[PDB]
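# Breakdown of the fold
What follows is the residue order along each chain.
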Amino acid sequence: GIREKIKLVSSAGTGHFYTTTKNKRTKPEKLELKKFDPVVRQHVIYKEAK
Amino acid sequence: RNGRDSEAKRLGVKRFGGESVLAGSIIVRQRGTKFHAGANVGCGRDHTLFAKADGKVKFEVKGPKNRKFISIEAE
Amino acid sequence: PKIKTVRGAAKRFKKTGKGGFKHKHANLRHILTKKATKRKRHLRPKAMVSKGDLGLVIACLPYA
Amino acid sequence: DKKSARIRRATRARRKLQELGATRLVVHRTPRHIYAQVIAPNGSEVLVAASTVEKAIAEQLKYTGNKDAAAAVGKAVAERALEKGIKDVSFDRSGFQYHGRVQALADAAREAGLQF
Amino acid sequence: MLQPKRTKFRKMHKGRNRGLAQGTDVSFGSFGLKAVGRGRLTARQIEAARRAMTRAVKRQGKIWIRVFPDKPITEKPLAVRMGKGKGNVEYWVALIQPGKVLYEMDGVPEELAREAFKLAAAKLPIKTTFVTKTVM
RNA sequence: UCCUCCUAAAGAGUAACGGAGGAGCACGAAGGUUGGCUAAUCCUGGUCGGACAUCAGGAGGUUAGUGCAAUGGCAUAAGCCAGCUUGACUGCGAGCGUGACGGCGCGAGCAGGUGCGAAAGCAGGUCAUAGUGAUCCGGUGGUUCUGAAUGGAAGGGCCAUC
């Protein structure tokens, strides 16, 4: 199980975050998906983090 | 070196032709699509066929490939 | 002597109006990344104790 | 084969409209005389049809089978459908790319009352 | 010693020998040996019967074998308890139903044919009879 | 422990130290949508090139392929290619399947806010079926919900997650 788990933190001030997995060996750059934040009820950019 | 098996998945037809069903009830549980969704019948992600409307379920053969279809008529 | 309530049971079941019991679902503690949101969402609300194990619950907490 | 490729292309759309159960505006395009038809959900009867093959509509446009012809047919189907009563329809490409004459016919139809 | 090549599976279920024979008519030669009883023939028995006829006819005519073993049979080693998995394959047998034609032959007189088949049947575990090719 | 076939006796289920094989993943794309495309194997001609590279034509109609063993399915393609994208979204959920239970599975539809398309529409991960571990204890972020004289705080609770 080389694939490891990461946390996607909303660009907004809200503390809401998503959790997923990625492979650092093949795709080491950050992940910048655009997801829905229910605290602010808007779609915002989510940044990868621990 | 044998002796392994998997728990049975209890597939098969749950509702047979000519009996009324409620909307959302499972009609057929299948791995592939042995029966294809017809009228007022929806297909799930696992190829499960469920009723999208209330009525009587019937089976029929249609298409150039004589593939089996399940439909529901509001009766 | 009076019966002793099973303290562990009293922390997991709450009695309701019609004599039933509500409990928290038992699969929403950890290892949550690999779980679909649909399954986690359905486990959030409290659920009623099944009939088969209701008799066991009655014995554990005869006072509550 | 051109026909076999076209039928294969449009089969998915036709099936989707068929199961949806809605009146569909089907257009057939050729090097001349672009056709158009309105089909009931059952697919057994034609509510109304128009084209540039009949003298009633072919006596004005200089040449049949161009952008102007598509607009005329697209417009022609409009008032006929509005007069009949049906308002909402589903457009069917019939395997024809929605780029030129097909687009012109649809654009004329939608602006003429047959919104879809 | 007839035996298949690269069979799909090493072992197969015992099954049953119910039913009735299919190849009940002479199709290649003019004379044949029909099976009256029911049972199974091993590869060794088929080879023994074949050798008996070839010697009897003195390599004159043609011989057809209408049965193939295509069925492994296992046998537990001596002093082995029950269980611990299926036994190892030992020999191959052919299931025979009544009316099955075992061997066919052609190119020899009827008189010489009868004795040749009689010698072969003497080395088989099933009742057999002599038959002749029928017209349609 | 889990998955596929047979045993299993044409609904479901069904044992053996019975007969065969696999899994403890992978993928920000291999996901969503829109548009387009249709194999294996053979025959003939053609430099290296040769039975087997690539090109052209013909028979063939899926014996191909489908990320991974098997079964079922797949031309409307679920198979192959490209553009734009994050619905691999949040709160729910009529009604069903499956289990002794814990639980597991399918799901129309409603609200909010998104992607693709002119549009009807599709999207709550992947052709489906394995890729998984209860509770306790404790860690991290949010939330005056609580906070044992009062105002705070510590510690608990709830939510997300390890």
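Reading the values: rules and limits
- The numbering scheme counts residues from 1 along every chain following its written sequence, independent of the entry's numbering, with residues that lack coordinates not shown.
- The lettering of chains begins at A and the numbering of ligands begins at 1, in the order of writing.
- Each value given relates to the chains shown, not to the larger assembly they are part of.
- Hydrogens and waters are ignored; side-chain quantities use all the structure's heavy atoms.
- Helix and strand definitions here come from DSSP, where helices need a minimum of 4 consecutive H or I residues and strands a minimum of 2 consecutive E residues; each element is numbered from the N-terminal end.
- The buried label applies to any residue whose accessible area, calculated with a 1.4 Å probe on protein chains only, is under 20% of its type's maximum; exposed applies above 50%, and partly exposed to all values in between.
- Any two residues whose heavy atoms approach within 4.5 Å at even a single point are treated as in contact.
- In these tables, accessible area is a Shrake-Rupley quantity obtained with a 1.4 Å probe, and a residue counts as shielded only by the protein chains included in the view.
- Here a residue is considered near a molecule or strand provided that any single heavy atom belonging to it is located within 4 Å of it.
- Polar contact criterion, stated in full: a pair of N or O atoms within 3.5 Å, where within protein one must be able to donate a hydrogen and the other to accept it, and residues adjacent in sequence count only if both atoms are side-chain atoms.
- Patch construction takes residues with relative accessible area above 30% that form no salt bridge. Like charges are linked within 9 Å, and nonpolar side chains (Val, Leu, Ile, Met, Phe, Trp, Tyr) are linked within 5 Å.
- Salt bridge, as used here: a side-chain nitrogen of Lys or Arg that lies within 4 Å of a carboxyl oxygen of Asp or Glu.
- The charge count treats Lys and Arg as positive and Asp and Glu as negative. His and the chain ends do not count.
- Charge positions are represented by NZ for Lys, CZ for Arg, CG for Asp and CD for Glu.
- Aromatic contacts are taken between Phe, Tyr and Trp rings whose centres are within 6.5 Å, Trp giving its six-membered ring; a plane angle under 30 degrees counts as stacked, one over 60 as edge-to-face, and the others as tilted.
- Any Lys NZ or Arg CZ found within 6 Å of a ring centre and within 35 degrees of that ring's normal is scored as a charge over the ring.
- Fitting a line to C-alpha atoms yields each axis, with helices limited to the stretch in contact; the angle taken between N-to-C directions then spans 0 to 180 degrees.
- Left-handed describes a crossing whose near helix is turned anticlockwise from the far helix through less than a right angle; right-handed describes the clockwise counterpart.
- Only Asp, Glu, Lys and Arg are considered charged, only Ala, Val, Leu, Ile, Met, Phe, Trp, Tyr, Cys and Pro nonpolar, and every remaining residue, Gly among them, polar.
- Working rule for angles: under 35 degrees goes down as roughly parallel, over 145 as roughly antiparallel, 65 to 115 as roughly perpendicular, anything else as oblique.
- Note on pairing: DSSP must find at least two bridges between two strands before they are called paired.

The deposited coordinates derive from cryo-EM, with the record listing a resolution of 2.44 Å.

Further remarks concern the overall build of chain A. Of the regular secondary structure elements, chain A holds zero helices and four strands. Element order for chain A, N to C, with α for helix and β for strand: β-β-β-β. Principal-axis analysis of the C-alpha atoms places the extent of chain A at approximately 35 × 15 × 15 Å. Put simply, chain A has 50 residues, and 20% of those count as buried. When contacts within chain A are restricted to residue pairs at least 6 apart in sequence, those whose partners lie at least 24 apart make up 33%. Counting only carbon and sulfur atoms, one obtains 56% of the accessible surface of chain A, whose full area is about 3800 Å².

Right, let's get into the protein's contact with RNA strand F. Residues in contact with RNA strand F amount to 93 residues; listed here are only the nearest, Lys9 of chain B, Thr33 and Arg44 of chain C together with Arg12 and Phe116 of chain D. Protein-proximal atoms of RNA strand F, defined as those within 4 Å of the protein, fall in sugar or phosphate at a share of 72%. In this structure, a base nitrogen belonging to RNA strand F sits 3.2 Å away from a side-chain N or O atom of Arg110 of chain D. Between RNA strand F and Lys84 of chain E there is a distance of 3.3 Å, counted from a phosphate oxygen to a backbone nitrogen or oxygen. Within the residue set of the surface near RNA strand F, elements represented by two or more residues are β2 (17–22), β3 (34–37) and β4 (42–49) of chain A, β3 (26–29) of chain B, α2 (37–43) of chain C together with α1 (2–20) and β4 (90–92) of chain D.

Let us look at the arrangement of the chains. Kept free of each other, chain A and chain B leave a smallest C-alpha distance of 22 Å between them. There is a clear gap between chain A and chain D: no contact, and 29 Å between their nearest C-alpha atoms.

The next thing to look at is a positive patch on the surface. Residue and element names in this part refer to chain C. A grouping of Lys14, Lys22, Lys24, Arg29 and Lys46 is seen on the molecular surface, where their side chains present a positively charged patch. Structurally, the position occupied by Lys14 is in strand β1 (residues 14–15). Overall, the relative accessible area of 42% leaves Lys14 in the partly exposed class.

Bringing the packing of aromatic side chains into the picture now. Following the criterion strictly, the structure yields seven aromatic pairs over all chains and no others. Judged by centre distance (5.8 Å) and plane angle (25°), the rings of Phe91 of chain D and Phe116 of chain D are stacked. Taken as a pair, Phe91 of chain D in strand β4 and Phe116 of chain D in the segment after α4 (101–111) lie far apart in primary sequence, 25 residues in all. On the basis of relative accessible area, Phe91 of chain D is assigned to the buried category, the value being 18%. The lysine or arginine in question, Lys7 of chain A, covers the ring of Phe17 of chain A, its NZ or CZ lying 4.0 Å from the ring centre. The cationic tip of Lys35 of chain A hangs over the ring face of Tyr18 of chain A; the distance from NZ or CZ to the ring centre is 5.7 Å.

Residues and elements named next belong to chain D. The interhelical angle for the contact between helix α3 (residues 67–84) and α4, taken along N-to-C directions, is 35°, at an axis separation of 7 Å. Crossing of α3 over α4 shows right-handed handedness. Here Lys67, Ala70, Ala71, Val73, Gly74, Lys75 and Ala78 of α3 lie close against α4, whose contacting residues are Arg101, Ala104, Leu105, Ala108, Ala109 and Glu111. Tallied by class, residues from the contact of α3 with α4 come to eight nonpolar, one polar and four charged.

This brings us to the packing of helix α1 (residues 43–57) of chain E against helix α2 (residues 110–121) of chain E. All names here are of chain E. At a minimum axis separation of 8 Å, α1 and α2 run at an interaxial angle of 150°. When the axis of α1 is compared with that of α2, the two are roughly antiparallel. Crossing handedness for the pair α1 and α2: right-handed. Residue-level contacts link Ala49, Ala52, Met53, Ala56 and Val57 of α1 to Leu112, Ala116, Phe117, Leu119 and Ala120 of α2.

This part covers the pairing of β4 of chain A. Residues and elements named next belong to chain A. Bridge count for strand β1 (residues 4–10) against β4 is four bridges, and the pairing is antiparallel. In the sheet register, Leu8 faces β4, and the bridge partner there is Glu48. Of the strand pairs in this sheet, β3 and β4 are connected by four bridges, and their pairing is antiparallel. Residue pairing for β4: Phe36 is matched across the bridge by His43. In textbook terms, the turn of a hairpin is the stretch between consecutive antiparallel strands, and for β3 and β4 this stretch comprises four residues, one of which, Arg41, has a positive phi near 60°.

Residues and elements named next belong to chain E. In this structure, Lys71 sits in the loop between β3 (62–65) and β4 (72–74). Within the buried set, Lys71 has no salt-bridge partner at all; the shortest N-O distance to an opposite charge, 8.6 Å, is to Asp70. At 3.4 Å, the side chain of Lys71 forms a polar contact with the backbone oxygen of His13. Not counting residues up to four positions away in its chain, the partners in contact with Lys71 are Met12, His13, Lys14, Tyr91, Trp92, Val93 and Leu95.

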